[PDB]
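Here's the structure we're looking at; comments come further down.
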Amino acid sequence: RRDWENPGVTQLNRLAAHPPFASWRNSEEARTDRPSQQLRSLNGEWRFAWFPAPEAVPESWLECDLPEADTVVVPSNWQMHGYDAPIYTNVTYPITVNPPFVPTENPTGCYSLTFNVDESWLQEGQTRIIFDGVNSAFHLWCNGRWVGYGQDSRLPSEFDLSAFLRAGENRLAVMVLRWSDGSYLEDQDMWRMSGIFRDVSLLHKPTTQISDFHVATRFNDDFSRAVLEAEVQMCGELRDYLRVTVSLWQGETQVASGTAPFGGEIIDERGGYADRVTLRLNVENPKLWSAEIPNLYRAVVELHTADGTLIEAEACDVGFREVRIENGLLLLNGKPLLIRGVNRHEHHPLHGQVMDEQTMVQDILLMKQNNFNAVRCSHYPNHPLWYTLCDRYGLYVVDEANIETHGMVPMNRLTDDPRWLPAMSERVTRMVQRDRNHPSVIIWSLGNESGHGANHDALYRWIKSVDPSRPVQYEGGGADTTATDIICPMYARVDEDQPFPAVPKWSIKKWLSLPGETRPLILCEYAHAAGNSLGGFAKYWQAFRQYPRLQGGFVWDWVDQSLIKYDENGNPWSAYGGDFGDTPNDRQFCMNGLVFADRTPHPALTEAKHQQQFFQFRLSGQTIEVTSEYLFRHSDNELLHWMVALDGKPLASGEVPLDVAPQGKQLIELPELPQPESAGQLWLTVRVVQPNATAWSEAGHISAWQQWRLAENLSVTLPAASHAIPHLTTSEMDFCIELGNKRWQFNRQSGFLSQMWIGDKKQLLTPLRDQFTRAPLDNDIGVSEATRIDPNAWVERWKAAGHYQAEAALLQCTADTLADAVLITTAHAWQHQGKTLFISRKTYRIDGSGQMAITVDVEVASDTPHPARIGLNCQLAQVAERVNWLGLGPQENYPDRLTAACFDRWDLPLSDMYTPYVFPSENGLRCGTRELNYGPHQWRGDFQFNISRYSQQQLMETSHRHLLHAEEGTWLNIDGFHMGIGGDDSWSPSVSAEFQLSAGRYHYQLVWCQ
Amino acid sequence: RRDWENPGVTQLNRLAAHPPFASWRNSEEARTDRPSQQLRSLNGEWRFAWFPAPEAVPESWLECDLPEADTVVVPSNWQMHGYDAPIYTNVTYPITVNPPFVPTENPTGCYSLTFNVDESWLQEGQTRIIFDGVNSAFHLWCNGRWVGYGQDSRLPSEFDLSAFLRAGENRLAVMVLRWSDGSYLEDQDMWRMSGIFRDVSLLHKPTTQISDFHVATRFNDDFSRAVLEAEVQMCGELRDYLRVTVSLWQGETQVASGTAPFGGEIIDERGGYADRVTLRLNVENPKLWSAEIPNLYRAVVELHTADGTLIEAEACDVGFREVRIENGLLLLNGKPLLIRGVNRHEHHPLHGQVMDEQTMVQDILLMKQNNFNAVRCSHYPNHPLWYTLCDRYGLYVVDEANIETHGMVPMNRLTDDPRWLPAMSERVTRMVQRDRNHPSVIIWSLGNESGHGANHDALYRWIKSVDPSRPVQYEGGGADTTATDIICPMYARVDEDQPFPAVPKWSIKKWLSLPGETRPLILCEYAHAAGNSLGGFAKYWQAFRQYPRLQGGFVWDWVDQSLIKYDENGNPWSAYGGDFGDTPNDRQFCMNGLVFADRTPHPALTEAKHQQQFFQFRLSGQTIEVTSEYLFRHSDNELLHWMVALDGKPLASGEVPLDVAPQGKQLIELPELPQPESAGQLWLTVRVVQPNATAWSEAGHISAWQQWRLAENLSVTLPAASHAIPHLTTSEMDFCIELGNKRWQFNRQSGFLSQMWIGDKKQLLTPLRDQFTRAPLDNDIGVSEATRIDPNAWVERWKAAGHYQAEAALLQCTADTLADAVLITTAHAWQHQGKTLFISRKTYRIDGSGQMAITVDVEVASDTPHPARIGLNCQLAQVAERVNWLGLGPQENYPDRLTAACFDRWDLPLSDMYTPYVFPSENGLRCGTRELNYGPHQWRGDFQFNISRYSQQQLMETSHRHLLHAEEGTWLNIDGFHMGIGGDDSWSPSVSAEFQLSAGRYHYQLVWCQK
Ligand SMILES: [Mg+2]
Ligand SMILES: [Mg+2]
Ligand SMILES: [Mg+2]
Ligand SMILES: [Mg+2]
Ligand SMILES: [Mg+2]
Ligand SMILES: [Mg+2]
Ligand SMILES: [Mg+2]
Ligand code: NA
Ligand code: NA
Ligand code: NA
Ligand code: NA
Ligand code: NA
Ligand code: NA
Ligand code: NA
Ligand code: NA
């Protein structure tokens, strides 16, 4: 039958979908959500054998264990056990596009388990097996007899085993197919793996059972009153003595309870549902649920007899909240939401796509600690525990159907085909049937990148029809089709339009007011975080706050999809596309998260935390105005700390309790501050600290901050006349300056400072030379490749222009003696193909104080692509342990990504001045720096810098970070100017014009001293 | 795998649905819709063997013919060949409700056919087999190898046989299952049959082929300009030299043509459809399509190479028309429609559910000749030829998905279940993919009586998405759910609300204005035509014409679903539910059409024709105002004939040409009419006649008529004084009156006229007595049964009150002699259980002229259910050939169904005074009669009457018409008053209050004499 090559067959003998069940036989156990003896886990050690195709599986395997089989842990993806390679491809399908057929060579995983079944489970009732996740299709056998078939790797498939089990030892045999017609609907941009990767369990239900139940909550105009409506359905023989009691609890307090026999209201000419009943409970002043305050109630559903004998109980956490779109705004409990979200794939560097609670909690904590309040399940239903955690910790969730056909041409070839409507419908309907009672789910998504077909319109309407409590969204076909309640584009820019034919990405501000448009706009994906990215992130948030209908978006994405591989010495290193022999592959494109795979934060995470702050600030005189962006909570766990420092030197500080109502303001008057003595700039820094620990954070957690320049006193003091005068020694080949124990050497043919001595010790390993290029960031590269060059990408424009090959040609090199100093004047021209790209003119002034004043004036040809940077660089001979600087920090920051960094005196070990991006590139820069200290050296001015043991050259020629080797000494890059990093998307130039170095003429000055 | 017990498996290896293909290899042939050598019919003689279950089918049958098999004609329903019994059940499923399972005893029909295939068909291209209709599921094998599986009994299932055929002889084996999970979606109220009941054919297509094409027509504001857009899709190898040419023709004139290589516009981030192309053709002043004027163009789709080599051609008839709902009105080409429709099941008395062209054409002609302009495909996609005929003849069609789950509890149990969405979606989507190019289809329906489920909303939106050119309707769940663009109730009444819980049937006038309602209202079903029905039909039409948003409805229904059986002598008779041993069954409920199964009209058909007329008339003095209800055509084939007659006697007539624009008016002044001599009522009768023949009618066809009472001159002259005086003879037992050769005998014990003599010949077989009951009509009975009595049904109320068992108690009987006559006075009381139901007081005045004047005054207890009638009856000893009368006719007519009848002098053979309803009941009544002549008798007055060889008692005690036996003499029923027949529905009392005999006291008078 080859059911895995037929979209008309997505399952065989599979039981109906339903909300989480545990079949408690004790009401209190159900109320407290404790372990149920009726729900057994079958996770653990299983038997496994890999075959190249289903035709290769021996028939004997159905009856008994295969000798060649190994014992492995389940859940798991068999690629993580080394049976075959995981494949990383983005858009292009991993198999020949020939629906509904798949390769004859179809990796087949044969799982088997011998386990015990208690007679009490077969004595009566129903015993079913639940596979929460099998990738991508499978056939099931029990004790040698075929049971069923199932597809959709992201939703549970359940089968009744009652008639297949025997008391005692039993054996399950599961044949998992890597490829199936289901694979055509699972083209998500991620590692393509397979196997039983989610829990497997046995559930015992009585014959007369609760087969389904829906919980709804409607409110009055001010939410001061509510009605909890619970529809319950049963299976088994109907009896007049049967009853259903639904009770609501808040902690150990029973808020409400209602009982009724089965039999619903009349629905049509044939009557009503005799096997269903709806209970309605009134609730006064309900504690409302939100990401701000995740208030939860517990609903317990008991199926029992009139005399009071319990048959079974099921239950769920209830969050009282209303989600609705009105007058173009997405409202939660009547207030307009501002979505601080992120897309999160289920990925672990060691276990692949197998999720555990520890990792889920870790992700949620990091998200909330970084001011995120929402997550999108990109791009499939998540492990069931995820929703429980979001309900309790408090996060808004977009639950998304497991439907993505990105590799099709056109993208809607399958979704507009009625023959694929059945398969698609099951992926949407079974997701709704499973997750509809979770309060954290506030929006349903029809899937991802599948164009827009008639099947989308049909399923959109199906959802609106079965569950009007949640809006439905879908981005395919242009982000504003008839299949979405929310304009949800991916990578639409703030002010710039991208008028692509058929599916343009309008500026989000412009999109809102297009003729006839009235819907809210929330980006399903934005701020692509590939490596050194998130440039311009602040521009998005400024717009979200100014425009009511711009209600946020979900960053792409949370975690790098890197996997762990081991080298000869057994040491671990992060691998990406192609590192497993997988081909075709999309290499490093699987890594664009805010955090590394092990959950260590990328510098970009702090920029996100800062822009997503819930408190806004304004300064006027001695007054600080604090505004709360919270919609429901008062600031009952916040105190404001303030500090005033002169060039990093503290002068005053204090703390005031914050008491701001949601949406309110608080004025804080700062004490009269005494005017400082010494020259310098005064800086005011404020931060919001949470004194008390919470379920998601520790005491002392900093949730927001902001800085302001206060008074500044320019230095007018004249330095005392030097004690000594620098001496100039002119030779045919060099201009040497000597002062005390220091020496400076300028080569007259190259025109650069080739060496500096402190005593008899050389300070440089490479001369100080101008630098106009940077090791390309992911954003600079785009999709450009050797095999397929994208001449539009920044890196390609720089290469073609000769930026990376330009050679300095000396135009001038003179030496002059001044009253109290020596002056060296130079002029260089960088050319390529007889084309002058840049011209650098400098003066080096060394005085009796021993300080070297460097003035740099650069000219950049108007017709050459704007340079990545304009600075100087050199390899210092020494290696020091610490780096001290007065500027923006402490973390890496760039021109278009420096709002989170603060101006102050920072000191960190050298290693922290380098960011370990898996794919090496320019990194570790710090901007707005007025003073830098390293070893005996000090540089002063107004510059940007990065310092590390890796040259730009090595970073550019190395593909993986674990292949980098510390070079001799220390490479120093001091830029007068540096180009933005961009990030709106990672396949086209995204650096905004205001951050491009297009001025034509640039000037900067530095002072190098000891 | 028992695929027939799994709604998840509706097919296996079935090819995609698509518009009708023929794969012409010559363009001229495609243009003229001539037979294609590439489309072969496999209809004819097949081998067939019946089995009680699929498990009983021998494996040898796959490889070779079963010697036990018979040779039968295909298409056919095997029940019609007598292999097993056809079952008639309405709502209750014919199988135990246990979805998705069916009985293990599952009638299985094994069809096989040995046929030839030329090597030319196999050397190149693709050869597919096409099964237009298989009931209800089947597996297919070719030369012993399994090919595929398919469900949905009303749409074609196609399979690629290229890899299974060989040059020369080949054998197909088809195992058809009577029951399958598909049966759960096929609970339509009709005979449950099975088999390969629609055509089977073989189609050869080149490897590089046209796999689909959609035709659409858009217009400018005044419809003076249009654009034809044709999206063409191909399968096979794409080549730059491939081309598609779409040409449009109007007869032999080419209107437009366009050519283009494949490659559609950019659709999304991945590009566009390289395998598709859309051609756009401009058409100036297009001839618009409508039921009034079915103008059609022909679109020819040619797949060819750049060098000009034709690969293959497809085509379809194109009707330029726009269908849209705006401001609450359904518009066709910008004009508001008035749906004169009827529901039509595919039924044939001999062939069961197998349709043939002749029967289809016959139905269409009868429909248009009786002023119907629309048909609803109740309740499944029809035989493909149906749409072609509707396109060409001109009828608006509601195409309906094969989905009905009426028997479920609640009705939406399956339609609200997501697990059944797949199965339901295929029934809707494959219907749209097949019929979307037919101009006759103006509305899509999601099915029938399946409640309202989420699956309906999903499919409703799918259709709106894929085809915005047509509105979508569905009646389930209340007729006004979110799954319908049209309020389409079934049996909602005109003024009376029926507030049922959850699914109320509001008065249609009230429904339109409910708070927030804005949609048009068109009844998907109304005017249940069970037997003697359609009472109150005029009330719907008056409402349809006065309310803009009440745009008509579809009568239920076209034809009686009776089947032919043969008695011991080989004589054929009409059978219904239960006559085949089928049980449970819903007996005669399968017969509620406007025409008998053989297409003979029921009397009600003429009432429908009259009320659905396209011309309205008004009279003022000598001026007749003719208003046209046509929306597009001028009256270019109509002339008005007028006639003025005095009590049936023609005094003047003439004819005037009709020249009225659509929606226009024409004034016609009648010539100065000369005053008649004698007394009486002058009547004006006008009729619209079509001088020229049309595609649907013969020359002289009458399309409309109307009558008016003109001047009346009351007779004020007295009759000349008679010569003789009647003689009275009193005996203890009788009062005998004698005059010349006439004699009247009144029995003093009974109080009734027991006998009359003309010469020495007795005139009566049964005394002349009062009658207050009638043989119950279908509407009087409702759903009442002896095993399940419905106390609310009229028949039950009459029975319980004792109307049928009441005995006459003589209260008075006296004789008086007058100067010129004898006067007999009587009074009777009809009682039951000591209850006096009725009291009849009469006087008989026999004068010298031989005339007997009967004056009758009746009292009806206000607390007894209103009587079916109030009159007299008797069995005349004579049997005459003709029946002549001055009154309403010529056809059967009742109080609430007599608008179509005309007042005049009619003369028909006695036989035509009896209506052969399959289920016997009161029938043949003619109302407003002032004079009745039969044999030597003449009756005068103002009454209603029926006359036949069947007593009311026999009609009421006989179940089938073929069991009736002519009684001695002739039964005469003369009523002063008669209750309406009703018909708004047939399961609850539907006779309007104004047509119920509730006056309490009634009076009428008759004069009996010798003609
Ligand atoms: Mg499949
Ligand atoms: Mg994608
Ligand atoms: Mg700031
Ligand atoms: Mg099936
Ligand atoms: Mg042969
Ligand atoms: Mg029905
Ligand atoms: Mg009339
Ligand atoms: Na906003
Ligand atoms: Na990526
Ligand atoms: Na506080
Ligand atoms: Na690199
Ligand atoms: Na109307
Ligand atoms: Na019927
Ligand atoms: Na005319
Ligand atoms: Na009868």
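So you know, we letter chains A, B, ... as the sequences are listed, proteins then strands, and number each from 1. Excluded from the calculations below are hydrogen atoms, water molecules and symmetry mates; all remaining heavy atoms, backbone and side chain alike, are included.
Minimum heavy-atom separation, B:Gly271 to A:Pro410: O-CB, 3.7 Å.
Interface remark: of the candidates B:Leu15, B:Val9, B:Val466, B:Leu15 forms the most heavy-atom pairs closer than 4.5 Å to chain A. Of the residues considered (A:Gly272, A:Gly478, A:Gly8), A:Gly272 shows the highest number of contacts with chain B, using heavy-atom pairs under 4.5 Å. Among B:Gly477, B:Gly407, B:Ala423, B:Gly451, the residue with the largest count of heavy-atom pairs under 4.5 Å with chain A is B:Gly407. Per-residue heavy-atom pair counts under 4.5 Å with chain A were compared for B:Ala274, B:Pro422, B:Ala458, and the maximum is reached by B:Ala458.
Using a 4.5 Å cut-off between heavy atoms, A:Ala16 touches chain B through backbone and side chain atoms alike. In this structure, the portion of B:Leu12 lying under 4.5 Å from any heavy atom of chain A is its side chain and not its backbone. Both the backbone and the side chain of A:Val409 come within less than 4.5 Å of a heavy atom of chain B. Heavy atoms of A:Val91 lying under 4.5 Å from chain B belong exclusively to its side chain. In this structure, chain A has heavy atoms under 4.5 Å from both the backbone and the side chain of B:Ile267. Neither the backbone nor the side chain of B:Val428 has a heavy atom closer than 4.5 Å to any heavy atom of chain A.
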Scan chain A against chain B and return every donor-acceptor pair whose distance is under 3.5 Å.
residue: A:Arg1; atom: NH1; partner: B:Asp3; partner atom: OD1; Å: 3.0
residue: A:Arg1; atom: NH1; partner: B:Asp3; partner atom: OD2; Å: 3.3
residue: A:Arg1; atom: NH2; partner: B:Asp3; partner atom: OD2; Å: 2.6
residue: A:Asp3; atom: OD1; partner: B:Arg1; partner atom: NH1; Å: 2.7
residue: A:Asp3; atom: OD2; partner: B:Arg1; partner atom: NH1; Å: 3.1
residue: A:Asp3; atom: OD2; partner: B:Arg1; partner atom: NH2; Å: 2.6
residue: A:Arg14; atom: O; partner: B:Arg419; partner atom: NH1; Å: 3.4
residue: A:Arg14; atom: O; partner: B:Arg419; partner atom: NH2; Å: 2.7
residue: A:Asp268; atom: OD1; partner: B:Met411; partner atom: N; Å: 2.9
residue: A:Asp268; atom: OD2; partner: B:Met411; partner atom: N; Å: 3.1
residue: A:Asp268; atom: OD2; partner: B:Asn412; partner atom: N; Å: 3.3
residue: A:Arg270; atom: NE; partner: B:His406; partner atom: O; Å: 3.3
residue: A:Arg270; atom: NE; partner: B:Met408; partner atom: O; Å: 3.1
residue: A:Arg270; atom: NH2; partner: B:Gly407; partner atom: O; Å: 3.0
residue: A:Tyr273; atom: OH; partner: B:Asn412; partner atom: OD1; Å: 2.7
residue: A:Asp275; atom: OD1; partner: B:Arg413; partner atom: NH2; Å: 2.9
residue: A:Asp275; atom: OD2; partner: B:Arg413; partner atom: NH1; Å: 2.9
residue: A:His406; atom: O; partner: B:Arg270; partner atom: NE; Å: 3.2
residue: A:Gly407; atom: O; partner: B:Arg270; partner atom: NH2; Å: 3.1
residue: A:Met408; atom: O; partner: B:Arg270; partner atom: NE; Å: 3.2
residue: A:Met411; atom: N; partner: B:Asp268; partner atom: OD1; Å: 2.9
residue: A:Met411; atom: N; partner: B:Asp268; partner atom: OD2; Å: 3.1
residue: A:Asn412; atom: N; partner: B:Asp268; partner atom: OD2; Å: 3.3
residue: A:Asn412; atom: OD1; partner: B:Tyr273; partner atom: OH; Å: 2.7
residue: A:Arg413; atom: NH1; partner: B:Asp275; partner atom: OD2; Å: 2.9
residue: A:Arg413; atom: NH2; partner: B:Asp275; partner atom: OD1; Å: 2.9
residue: A:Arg419; atom: NH1; partner: B:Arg14; partner atom: O; Å: 3.2
residue: A:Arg419; atom: NH2; partner: B:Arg14; partner atom: O; Å: 2.7
residue: A:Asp457; atom: OD2; partner: B:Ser465; partner atom: OG; Å: 2.6
residue: A:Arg461; atom: NH2; partner: B:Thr482; partner atom: OG1; Å: 3.3
residue: A:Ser465; atom: OG; partner: B:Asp457; partner atom: OD2; Å: 2.7
residue: A:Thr482; atom: OG1; partner: B:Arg461; partner atom: NH2; Å: 3.3

